[PDB]
Structures are given as C-alpha cells and as structure tokens.
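Notes follow the structure.
When a residue number appears, it is its place in the shown sequence, counting from 1. Excluded from the calculations below are hydrogen atoms, water molecules and symmetry mates; all remaining heavy atoms, backbone and side chain alike, are included. First listed ligand is number 1; within each ligand, the first listed atom is number 1.
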Amino acid sequence: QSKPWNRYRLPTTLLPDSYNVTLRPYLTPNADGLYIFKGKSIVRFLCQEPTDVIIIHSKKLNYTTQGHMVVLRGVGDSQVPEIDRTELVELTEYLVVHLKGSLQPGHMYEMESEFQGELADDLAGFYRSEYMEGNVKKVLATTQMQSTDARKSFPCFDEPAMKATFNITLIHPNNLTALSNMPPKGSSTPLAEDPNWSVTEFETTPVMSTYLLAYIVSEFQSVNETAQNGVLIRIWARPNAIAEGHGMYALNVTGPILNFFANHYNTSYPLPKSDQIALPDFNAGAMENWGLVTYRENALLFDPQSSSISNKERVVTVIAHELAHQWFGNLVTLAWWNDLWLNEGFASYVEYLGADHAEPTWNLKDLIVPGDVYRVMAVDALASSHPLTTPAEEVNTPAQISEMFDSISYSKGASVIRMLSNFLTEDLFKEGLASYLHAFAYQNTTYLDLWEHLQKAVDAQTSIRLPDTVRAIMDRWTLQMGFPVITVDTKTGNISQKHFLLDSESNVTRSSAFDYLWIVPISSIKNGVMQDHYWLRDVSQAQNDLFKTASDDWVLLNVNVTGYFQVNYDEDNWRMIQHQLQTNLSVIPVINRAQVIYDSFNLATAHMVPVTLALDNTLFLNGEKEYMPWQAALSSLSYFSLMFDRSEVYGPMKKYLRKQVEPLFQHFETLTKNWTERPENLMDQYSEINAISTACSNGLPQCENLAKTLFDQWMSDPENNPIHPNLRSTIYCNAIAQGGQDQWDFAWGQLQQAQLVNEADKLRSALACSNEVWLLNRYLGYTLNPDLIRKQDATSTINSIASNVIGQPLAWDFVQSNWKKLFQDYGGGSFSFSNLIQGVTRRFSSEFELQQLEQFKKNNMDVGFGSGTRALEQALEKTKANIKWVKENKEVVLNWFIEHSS
Ligand SMILES: *[C@@H]1O[C@H](CO)[C@@H](O[C@@H]2O[C@H](CO)[C@@H](O[C@@H]3O[C@H](CO)[C@@H](O)[C@H](O)[C@H]3NC(C)=O)[C@H](O)[C@H]2NC(C)=O)[C@H](O)[C@H]1NC(C)=O
Ligand SMILES: *[C@@H]1O[C@H](CO)[C@@H](O[C@@H]2O[C@H](CO)[C@@H](O[C@@H]3O[C@H](CO)[C@@H](O)[C@H](O)[C@H]3NC(C)=O)[C@H](O)[C@H]2NC(C)=O)[C@H](O)[C@H]1NC(C)=O
Ligand SMILES: *[C@@H]1O[C@H](CO)[C@@H](O[C@@H]2O[C@H](CO)[C@@H](O[C@@H]3O[C@H](CO)[C@@H](O)[C@H](O)[C@H]3NC(C)=O)[C@H](O)[C@H]2NC(C)=O)[C@H](O)[C@H]1NC(C)=O
Ligand SMILES: *[C@@H]1O[C@H](CO)[C@@H](O[C@@H]2O[C@H](CO)[C@@H](O)[C@H](O)[C@H]2NC(C)=O)[C@H](O)[C@H]1NC(C)=O
Ligand SMILES: *[C@@H]1O[C@H](CO)[C@@H](O[C@@H]2O[C@H](CO)[C@@H](O)[C@H](O)[C@H]2NC(C)=O)[C@H](O)[C@H]1NC(C)=O
Ligand SMILES: *[C@@H]1O[C@H](CO)[C@@H](O[C@@H]2O[C@H](CO)[C@@H](O)[C@H](O)[C@H]2NC(C)=O)[C@H](O)[C@H]1NC(C)=O
Ligand SMILES: *[C@@H]1O[C@H](CO)[C@@H](O[C@@H]2O[C@H](CO)[C@@H](O)[C@H](O)[C@H]2NC(C)=O)[C@H](O)[C@H]1NC(C)=O
Ligand SMILES: *[C@@H]1O[C@H](CO)[C@@H](O[C@@H]2O[C@H](CO)[C@@H](O)[C@H](O)[C@H]2NC(C)=O)[C@H](O)[C@H]1NC(C)=O
Ligand SMILES: *[C@@H]1O[C@H](CO)[C@@H](O[C@@H]2O[C@H](CO)[C@@H](O)[C@H](O)[C@H]2NC(C)=O)[C@H](O)[C@H]1NC(C)=O
Ligand SMILES: *[C@@H]1O[C@H](CO)[C@@H](O)[C@H](O)[C@H]1NC(C)=O
Ligand SMILES: *[C@@H]1O[C@H](CO)[C@@H](O)[C@H](O)[C@H]1NC(C)=O
Ligand code: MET
Ligand SMILES: [Zn+2]
C-alpha cells in the first residue's frame with residue numbers, strides 16, 4: 001500500500017467548497033534583490049469519506065502560520081481532530097496535514113494558512129513582469145496558473161474537476177490598480193497597518209477551476225465599452241499603449257465576438273464583466289482566465305500606422321480563441337488533462353467562427369486549412385505521432401500534463417472537430433453542443449459526454465443519417481494516430497484507404513485497435529457539380545459509381561478539405577483536373593485548388609505520385625488571382641528552394657516562378673492603382689503580399705524597381721514612411737539586397753530607434769538580405785552585442801543571415817567558431833541552441849556538408865550542446881534525408897523547370 005502523499009493524483013476523500021485568498025505582492029526588491037509576495041488563505045472543504053490526513057497542493061511556498069503550517073477548524077458545530085504534524089512533500093507538490101483522528105463524512109472544515117513565496121520573473125503562479133516606461137523600469141504582479149501553478153500562489157486542491165468559489169483580496173500599493181476574475185466589491189480601502197497600501201476585495205467567483213484564477217497589480221489603463229446587456233468590456237494595457245490607441249481594434253471586435261458565442265452556444269456569457277490585458281513579453285502567448293484573459297502585447301494590441309493586415313488577423317483570431325473558452329473549457333471543464341485536446345482543439349476550431357462574425361468579409365473560416373489542417377498533417381504523417389486521446393492514468397506528473405499542449409492537441413483537435421461539425425451539419429452540432437453546455441454547466445466532463453449529447457441530437461432527427469454512432473466514428477479519429485490517404489481509380493470508381501506516411505520506408509510500431517482503418521466522410525464534386533455525400537466504411541477497399549468517370553469528365557474528393565485526409569487519383573483524373581484549372585479554374589472551389597497542390601506534393605514525398613505530377617499541379621497558377629492556391633505552392637516549394645538555391649537547378653526554378661507570378665504582379669499593379677491602395681478584403685491583401693514577395697525574391701525586374709523606388713523615397717524622407725505595412729518585409733529586404741552600405745546603415749539607424757516590436761522585427765530581418773559578405777559578417781558581429789541586438793533576438797538574427805544564400809557559409813562559420821558561448825548563454829538566458837542549429841544546418845544536402853556536421857560534433861569533448869543536444873542529432877538525420885532526396889530528385893526537377901520556364 002503506497003502512501004497517498006506519494007501519489008500524483010489527489011485523494012477523493014475531501015472536496016473543496018470555497019476559498020478565501022488574500023495576496024500581497026511586494027514590487028520592491030528586499031535589497032538582497034529578492035521580490036516576494038505574502039498570502040493568507042482559508043479553504044472550506046467537505047469530507048466525503050473518513051480520513052485522518054489532509055492532502056492539498058503546495059509548491060514553493062514557505063508557511064508562517066502560527067503553530068503548525070495550517071490551522072484547522074470545524075464549520076458550524078463540527079468538532080475537528082487535533083493536528084499531529086504538517087509536512088511538505090516536494091516531489092508530488094503536497095502540503096500534508098496528519099491528524100490525530102478522522103474527519104467525518106458529511107462534515108465541513110475550514111483550513112487556514114499563512115505563507116509567502118518568491119515573486120519571481122518566471123511566468124508561473126503569482127509572478128513579476130518587468131518592463132520599461134521611458135527612464136524607469138516598471139514591475140507588475142500577475143498570474144499564470146495553467147496548468148499546475150495555482151498551488152504556487154496558495155495551497156489548493158489544484159485539479160481541474162475540483163471546482164469551488166473563490167473570494168480574492170489583493171493588498172497593493174494605493175496608486176496601483178488591482179484586477180481579478182470578478183469585479184471589485186467596491187472602492188479599495190487603506191491597509192490599517194500601512195495606508196500606503198490599499199485593500200481590494202473582489203466579488204465571489206462562480207464555481208470554477210483553480211487553473212483559471214487570475215489577479216494582477218499594475219499601473220495599466222483601459223479602454224471600455226458596456227455591451228447592451230450591461231456586460232462591461234475593457235482592454236487593459238500600458239498607459240502609453242492605451243494613449244496611442246493601440247487597444248481600439250481589440251475593443252472593436254470583443255463585443256461582436258462575445259455576442260456571437262452567446263448565440264452559438266445558446267448560453268449567456270456567464271460573468272458580469274470581460275477584461276483582457278496586454279502584457280509585454282508574456283511568453284505563454286495567451287491564457288483564458290475566466291473574466292480576465294491575458295495576452296502578450298503583440299497579440300492583443302494593434303497599431304494601424306505600422307501593423308500589417310496579417311497582424312490584424314492574429315488579433316481577432318487570438319481574441320476569438322480565448323473568448324471561446326469562456327464557455328467551452330471554463331463553464332464546462334474537462335475533468336482531466338488527458339482530454340486537453342478537446343478543450344484546445346475546440347477553441348482552435350471556433351476561433352475562426354467567432355472571428356468571422358467580427359470580420360464577415362474576410363472569409364477567415366478558410367484559413368483553418370493552411371493554418372491547422374495541413375500544418376498538423378506534416379507531423380501526424382509520421383511514425384512518431386500519437387493519438388489525440390491518452391489514457392487518464394498515463395497523465396500524472398506536471399511534466400506529463402505539459403506534454404498535452406502540442407500541435408496534435410490544438411491543430412488535429414481543431415481539424416477533427418471541424419470534420420465532425422461538417423458531417424453532422426452545423427445546426428445539428430450546435431444543438432448537441434448546447435445540450436452538453438446546459439447539462440454540465442459549472443461541472444466537469446470527458447469527451448464521451450460531448451459524443452453522447454451530439455448522439456442525442458442525431459437521434460432526435462431524421463435527415464442526417466450516419467453509418468455508425470458518433471462515438472464509433474470519432475473513435476477512429478481519436479484512439480489511433482495519423483490519417484488515411486484516400487486513393488481513387490476513376491476508371492472503375494474503386495476507392496481505398498491506407499495510413500498515410502510521408503516516408504514510404506517508415507516502420508510504424510504503434511499498434512491500433514483498428515488496424516489503421518478509418519470511417520471516412522467523403523464529399524465530392526464532379527465536373528463542378530456537388531455529388532451525394534459518401535461514407536467509406538472501415539474497409540481497405542470499396543467501390544462506388546460516384547467515383548467512376550467517363551474520359552472527358554473529372555471528379556474531386558473532400559470539398560473544402562473538411563475531412564481529415566489527403567486524396568490521390570489515377571493519372572488520367574489528375575490530368576483532367578489540371579486541364580480544368582488551366583481553362584476555367586472557377587469551377588473548382590478555391591480551397592480545393594490549394595488542396596490539389598498540398599496533397600500532390602505530400603504524395604510525391606511519399607512516392608505515391610511522381611514529383612513532376614506535383615509540379616504540373618502548379619502550372620495553372622499563372623491565371624490564379626487568389627491567396628490560398630498560391631500559398632500552397634509557396635509552402636510546398638520552400639523546400640525545393642532550400643535544397644536547390646545553390647545549384648544549377650535554381651536558374652530555371654526562378655525563371656519558372658517569374659513566369660508564373662508576373663501576370664499576378666501585373667494584376668495587382670492595375671488593381672492597386674500603381675500600388676497606391678491595397679485590395680479591400682483580407683484574402684486579396686494576403687495574395688498581393690505573396691505575389692510581391694514571390695516576384696521580388698525571384699528577380700522580376702518590375703518588383704525590383706518598385707522596391708528600390710519606395711526605399712529611395714523613404715530614405716529621402718525618413719519621417720514619412722511611404723511603404724504600406726503589408727509590403728514592408730519584402731520591400732525592405734529587396735531594397736537592401738540591391739543596395740550597399742547606404743541602404744544598410746539607414747535601415748540600421750531605423751532599427752535602433754524603432755519603438756514598435758513588429759517594425760523592429762521586419763528591419764532586423766531585412767538587414768540580413770544584403771548581398772555584401774562584409775555587411776553580413778559585420779552584422780553577425782553585432783548579434784552577440786546586447787547593446788546592439790537583444791539577446792532574445794540573437795539567434796533569430798543569425799538564422800536570418802543563414803537564410804541568405806550568401807550568408808549561409810558566414811553563419812555556419814560563425815556558429816562553429818563561437819560555439820564556446822554555450823558557456824556564456826546556457827546560463828545567460830536560455831538562448832535556444834536548438835533553433836539556431838536547425839536554422840543554420842537546414843540547407844545541408846551533401847555528403848561533404850554531412851562530413852562537416854560530423855566534424856563539428858567532434859567537439860563533444862566538452863561544453864556539449866545544451867538544449868540543442870538532440871537538435872544536433874536531428875540535423876545529422878535530416879542531412880542524411882536531404883542527401884537522399886536530392887539524389888533521387890535533382891535530375892527530374894531540373895528538367896521539369898527547364899521545360900516549363902519558356
Ligand atoms: C472569507 O471572507 C469573507 C469576507 O471578509 C468573510 O465574511 C465576512 O465576515 C466579516 C467579518 O467576519 C463580516 O463583516 C462584518 O463583521 C462584523 C464584525 O465586527 C459583523 O458585526 C458584521 O456581521 C459584518 N458587517 C456587515 C455590514 O455585514 C461580513 O459579514 C462577511 N462578509 C460577507 C458575509 O460577505 C468570511 O467569514 C471569510 N471566511 C472565513 C471562513 O473566515
Ligand atoms: C523560504 O525559505 C527558504 C529557507 O529558509 C529561504 O531560502 C533561503 O534564502 C536565504 C536568503 O535568500 C539564504 O540564506 C542566506 O542568505 C544570506 C543573505 O540573505 C547569505 O549571506 C547566505 O549566503 C545565505 N545562506 C547560505 C547558507 O548560502 C538561503 O540560501 C536559503 N535557504 C535554503 C535552505 O534554501 C527562502 O528565501 C524563503 N522564501 C521566501 C520567498 O520567503
Ligand atoms: C474601430 O471601429 C471604428 C468604427 O467602425 C473604426 O473607426 C473608423 O476608422 C476608419 C479609419 O480611420 C475611418 O475610416 C476612414 O477614415 C479616413 C480618415 O481620413 C476617411 O478618409 C474616411 O472617410 C473614413 N471612412 C469611413 C467609412 O468613414 C472611419 O472614420 C472610422 N469610423 C467611425 C465610425 O468612426 C476604427 O478604425 C476601428 N479601429 C481599428 C483599430 O480598426
Ligand atoms: C466567499 O464569499 C461568499 C459570498 O459572501 C460566501 O458565501 C456565503 O457562505 C456563507 C457561509 O457558508 C453562507 O451562509 C452565505 O449564504 C453565502 N453567501 C452567498 C451570497 O452565497 C462564502 O462562504 C465565502 N467563502 C469562504 C471560504 O468564506
Ligand atoms: C506610484 O507611487 C510610486 C512611489 O511614489 C511611484 O514610483 C516612483 O516613480 C519615480 C518616477 O516617477 C521613480 O523614480 C521612483 O523610483 C519610483 N519609486 C518606486 C519605489 O518604484 C510611481 O510612479 C507611482 N505610480 C503611479 C501610477 O502614480
Ligand atoms: C437557446 O435556443 C433556444 C431554441 O432556439 C431559444 O429559444 C427559442 O427562441 C426563439 C427565438 O425567438 C423562439 O421563437 C423559440 O420558440 C424558442 N424555442 C424554445 C424551445 O423556447 C433560446 O432563446 C436560446 N437561449 C439563449 C440563452 O440563447
Ligand atoms: C465532476 O462532474 C460531475 C458531472 O459530470 C459531477 O457529478 C455530478 O454532481 C452533481 C452535483 O453533486 C449531481 O447533480 C450529479 O448527479 C452528478 N453527476 C454524475 C455523478 O454523473 C461531479 O461532482 C464533478 N466532480 C467534482 C469533484 O466536482
Ligand atoms: C476494383 O476492385 C475489384 C475487387 O472487388 C477488382 O476486381 C477483382 O479482382 C480480383 C483479382 O483477382 C478478381 O479475382 C475478382 O474476381 C475481381 N472482382 C470482380 C471483377 O468483381 C478490380 O481489379 C479493381 N480495379 C482496380 C483496382 O482498378
Ligand atoms: C467551400 O468554401 C467556400 C468558401 O471558401 C464556400 O463559399 C462560401 O459559401 C458561403 C455560403 O454559401 C457564403 O456565405 C460565402 O460568401 C461563400 N464564399 C465564397 C468565396 O464563395 C462554399 O460554400 C464551400 N462549399 C461547400 C460545398 O461547403
Ligand atoms: C524498417 O524495417 C524494415 C525491415 O524490412 C527495414 O528494411 C527498414 O530499414 C526499417 N526502417 C526504416 C526506417 O525503413
Ligand atoms: C467559368 O466558370 C464559372 C463558374 O462555373 C462561370 O460562371 C463562367 O461562365 C465561366 N467563365 C468563363 C469566362 O467562361
Ligand atoms: C500553453 S500556455 C497558454 C495558455 C492557453 N491554454 C493557450 O492555449 O494559449
Ligand atoms: Zn485555448
């Protein structure tokens with residue numbers, strides 16, 4: 001019998017009712033330089049089963065309670081046993097209260113404690129964030145409990161199902177503002193022991209999980225709106241950010257988004273107010289704390305003067321995502337972290353729906369396809385992938401919990417949930433989702449509870465018919481890893497599925513309960529006309545006249561890539577699709593125009609089509625005006641450029657791309673009125689951005705001229721930047737490429753005085769585009785100077801120089817030479833030797849370069865490789881793969897590009 005305090009999961013003998021928590025951050029160091037916070041707490045809990053021990057979470061807290069580490073009382077007229085001893089068990093992060101007798105079922109107890117911890121700059125629990133305002137370093141106090149850090153701020157039953165109400169009080173300097181999940185009860189009052197401090201009490205939370213608590217003390221200010229139902233909406237930020245109007249876009253979209261979700265979920269927004277706060281350098285990105293959502297600044301703030309359209313898109317979708325959680329995740333909470341994918345996957349899907357409500361002309365819903373579907377398919381098409389579901393009993397430690405937060409959970413979660421909504425229809429999906437939210441409000445669930453409520457909605461209607469239960473179908477997509485390639489022989493209409501792997505030689509060793517067979521929803525379009533929907537059952541092989549064609553017809557599966565799979569055809573059908581795209585592309589949905597490209601390049605990698613068939617699939621692009629198909633091409637070819645841009649292959653590649661992109665460049669030249677005015681909607685702005693990037697990086701004289709003109713123009717008038725933020729990264733880069741030290745030094749000056757991170761990023765990246773060796777080397781010289789280049793930016797900048805074909809050997813030489821600075825910077829802030837290794841070795845594709853990476857490894861005899869130790873072996877393995885891919889492909893690809901570049 002193991003001792004319960006040596007077990008990672010809490011006992012179920014005691015359940016919390018409600019907490020009082022009072023926290024007091026000290027934002028002035030104790031002069032040996034330590035920042036602390038002090039706290040006091042009381043937890044009221046109910047005994048379910050008799051027990052003589054109280055086990056509660058505590059992490060990095062010192063206790064100053066009078067007597068033992070806690071004081072224990074009976075609620076009402078309950079007696080309480082005497083404490084034997086209290087002890088802290090660090091490994092399982094427990095405070096353990098051993099009693100002289102047993103607690104009694106049905107009785108309630110209150111346990112009071114007094115404690116303090118470091119207010120560290122560690123982004124965990126109650127922690128400090130330092131930032132600059134003019135001359136002054138400012139320090140604020142803020143929280144990040146996700147996942148298992150509530151216990152780092154106060155002792156609590158820190159598991160998501162053990163929900164309770166919380167009464168938060170902040171004691172804080174009297175000129176600072178205090179925020180928490182709920183509104184303040186009233187005005188703050190002076191702390192009697194020292195009136196320089198004030199006390200702010202907050203209203204009682206609803207029943208809620210510990211990981212969703214938040215409290216913040218700062219000088220921040222807000223912009224505000226009162227929705228029509230009296231819900232107060234505020235955006236909080238640095239006083240200077242607020243004064244500059246950088247909060248306005250967020251404020252603009254928040255109201256519409258909250259409105260959309262209340263209707264979408266058929267459930268009122270469950271709180272009296274919504275705060276969102278922009279934090280400088282919040283590395284976690286965003287966190288959905290209930291009623292007080294935190295964001296990194298660049299994710300919430302928007303500067304119309306200097307921010308691009310893609311930045312606007314990031315803001316509205318990140319907001320939609322976090323607000324989605326205010327019902328799904330926060331109101332109804334997954335019982336355990338093994339089900340995280342459902343929570344994060346769900347938000348990662350509906351973020352597009354919410355944002356689409358706020359920006360209905362942008363067609364944002366499409367973006368899930370490039371953004372999540374094809375993104376996650378890259379890693380789910382590997383033998384080393386994993387199922388969405390993990391047994392709850394395998395997820396115990398805080399480290400194991402953290403491993404839940406990955407690509408598969410978010411992006412495959414989103415993909416499979418989107419599929420599910422689509423095959424149910426959205427109306428049906430919403431009905432089940434509403435049923436689920438109403439049944440489990442303020443409680444906890446597993447994914448089986450959602451399936452059950454969706455099944456109830458299916459069962460209550462007659463129009464949508466499924467080949468099996470919702471659970472049986474979703475089991476195929478959740479219990480085994482990966483996804484199928486669906487192959488169609490249009491001569492017969494034979495249709496097959498197999499587990500798709502990019503590496504046709506991989507051994508899959510993870511076994512599946514289903515032998516890697518799925519139940520697949522298959523929409524299809526024939527000669528531009530929608531066909532009846534089809535379900536592939538759990539069989540290798542089937543046949544249907546839906547997928548049989550005559551010789552002048554074509555068929556195309558998976559309309560809008562709603563299904564989580566990729567599609568291959570016989571060659572003849574590929575040809576027919578190609579001809580259609582050549583003659584009238586409008587007959588095929590824009591998403592599927594992209595799909596044909598995405599899938600075929602993946603199929604070529606897996607050796608299922610020839611690489612030339614994939615390249616053929618790009619031939620239609622000379623007439624393509626729209627964003628997505630062009631993005632599919634650019635994403636799929638970035639590897640070809642990586643492999644070939646130092647080779648004889650490159651000339652014909654450039655020439656071909658110039659040929660393809662010229663007419664699009666010409667299109668936007670007219671449409672934008674000589675580049676004076678951007679296209680109106682997002683997709684077309686993105687397309688223009690890509691067309692100009694593509695034109696310029698491939699050496700179209702017209703684009704090269706445009707870039708030189710604008711940058712000359714900016715240089716003759718530094719205070720009035722003539723270059724629209726959408727075009728900045730291309731135009732800067734190309735203009736510095738064409739120019740010398742005049743252009744470089746000017747842009748350097750501009751970088752040194754950029755007030756805005758996003759504009760600093762663009763400049764830093766453009767500076768690496770110089771074609772002078774001596775400039776690139778001098779630039780490399782700067783990257784380790786913290787006065788000239790921020791440390792957190794050092795490896796990014798080296799990677800950018802490596803990205804330059806001329807900068808490749810310079811960066812590689814530089815990394816090798818100054819490698820003995822692991823011992824100045826695996827202690828001087830993380831650094832990320834891992835990202836730096838991947839970046840500088842990314843190009844390697846020959847035996848000779850492999851011999852060099854091997855030779856560089858042979859400084860194993862000390863200093864090692866830090867957090868990049870495994871990245872190095874990944875580089876040696878990827879170089880092997882590249883050598884093999886280049887030998888197989890060089891000849892065929894050269895001749896294709898030669899053939900097709902006119
Ligand atoms: C968790 O915190 C709650 C808020 O502080 C505590 O509830 C409050 O207790 C206060 C004092 O115990 C009460 O305020 C006043 O106290 C004086 C004592 O001098 C009394 O006469 C009055 O009852 C009261 N005055 C007024 C105007 O109500 C509050 O009644 C009370 N606040 C509430 C209930 O909202 C909880 O007791 C504390 N929990 C535990 C377990 O200690
Ligand atoms: C929680 O309690 C911990 C244990 O009491 C504290 O950790 C101790 O921090 C002390 C001061 O930061 C260190 O003691 C000494 O500090 C003086 C100056 O303050 C130095 O001259 C000494 O070098 C140093 N003593 C030694 C032996 O090096 C201790 O290093 C440290 N003790 C332990 C056991 O880790 C925490 O500070 C306390 N945390 C909070 C937030 O209250
Ligand atoms: C938050 O929403 C606000 C209300 O919709 C937006 O306010 C709009 O800002 C636009 C951009 O400045 C203005 O549009 C144009 O502004 C120029 C400025 O000189 C004028 O030429 C145009 O006539 C004008 N166009 C229109 C259609 O009016 C709008 O004046 C203004 N609209 C309102 C109602 O005030 C904010 O832009 C938005 N904030 C962000 C960051 O997106
Ligand atoms: C947190 O504050 C709330 C609201 O004041 C307290 O809820 C009260 O609980 C008492 C004691 O159980 C009840 O008699 C009252 O009916 C409750 N009031 C309301 C409005 O629900 C709650 O007890 C507090 N939590 C703690 C740990 O003290
Ligand atoms: C809140 O009060 C504190 C203390 O009066 C102010 O902090 C001082 O600000 C000056 C610059 O104006 C600094 O030189 C001092 O070093 C600060 N002292 C400390 C201990 O930080 C603060 O500016 C006030 N804030 C607001 C929003 O009014
Ligand atoms: C949740 O959805 C239900 C069902 O659509 C809403 O109730 C309906 O509201 C419509 C719109 O006026 C009425 O015409 C229907 O007769 C109502 N149906 C039923 C069964 O009452 C309800 O308003 C929604 N609730 C929330 C909080 O959004
Ligand atoms: C986790 O959620 C479940 C519901 O999924 C909670 O169990 C319910 O408890 C409520 C209130 O006591 C009852 O109305 C229901 O009968 C219960 N449903 C069940 C048992 O299926 C459960 O309390 C939550 N767990 C914790 C620790 O709060
Ligand atoms: C389409 O599938 C059918 C299988 O149902 C294939 O035809 C069968 O092939 C086997 C091969 O030995 C014959 O023994 C069976 O008699 C065939 N069944 C028939 C004719 O009904 C057919 O080859 C497949 N066509 C493809 C993959 O293009
Ligand atoms: C495939 O996706 C396209 C969008 O890329 C869908 O077209 C949209 O359809 C909705 C409703 O018909 C309209 O409100 C949008 O304005 C349409 N946008 C465009 C650009 O056409 C299309 O409906 C989807 N096809 C299928 C079969 O689901
Ligand atoms: C997988 O096992 C087969 C056994 O036939 C072997 O040929 C192959 O090299 C192994 N591994 C990979 C990654 O191909
Ligand atoms: C191409 O197809 C579209 C949509 O099917 C149709 O509206 C149009 O008539 C065709 N365009 C041309 C120029 O023939
Ligand atoms: C992984 S920490 C970030 C917090 C939050 N759950 C998110 O998905 O952004
Ligand atoms: Zn999320």
Determine, for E297 against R238, whether the closest basic-nitrogen to carboxylate-oxygen distance falls under 4.0 angstrom. yes
Does either side chain, that of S307 or that of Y249, offer a donor lying less than 3.5 Å from an acceptor on the other one? no
Check the angle between the aromatic planes of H321 and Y410 and answer parallel, tilted or perpendicular using the 30° and 60° thresholds. parallel
Can an N or O of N167 be found at a distance shorter than 3.5 Å from an N or O of ligand 1? no
Given the side-chain rings of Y265 and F328, with only the six-membered ring counted for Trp, is the space between their centroids under 6.0 Å? no
Which protein residues have a heavy atom under 4.0 Å from ligand 12? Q144, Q146, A284, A286, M287, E288, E322, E344, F405, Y410
If the threshold is 4.0 Å, N to carboxylate O, is there a salt bridge linking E118 and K60? no
Determine whether the aromatic ring centres of residues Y436 and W327 are separated by less than 6.0 angstrom. no
What heavy-atom pair brings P270 and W290 nearest, and what distance separates the two atoms? CG-CZ2, 3.5 Å
Going by the order shown, which atoms of ligand 1 are within less than 4.0 Å of some heavy atom of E110? 41 (C)
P155 and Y19: which non-hydrogen atoms are nearest, and at how many Å? O-CE2, 4.0 Å
Less than 4.0 Å from some atom of ligand 2, heavy atoms are found in residues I36, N62, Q116, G117, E118
Can you measure from CG (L340) to CD1 (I408) and round to the nearest 0.5 angstrom? 13.0 Å
Using a 4.0 Å cutoff against the non-hydrogen atoms of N20, which atoms of ligand 1 qualify? 1 (C), 2 (O), 3 (C), 36 (C), 38 (C), 39 (N), 40 (C)
Does a donor on one side chain sit under 3.5 Å from an acceptor on the other, for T446 and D339? no
Quick one: closest heavy-atom pair of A214 and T143, and the distance? CA-OG1, 3.1 Å
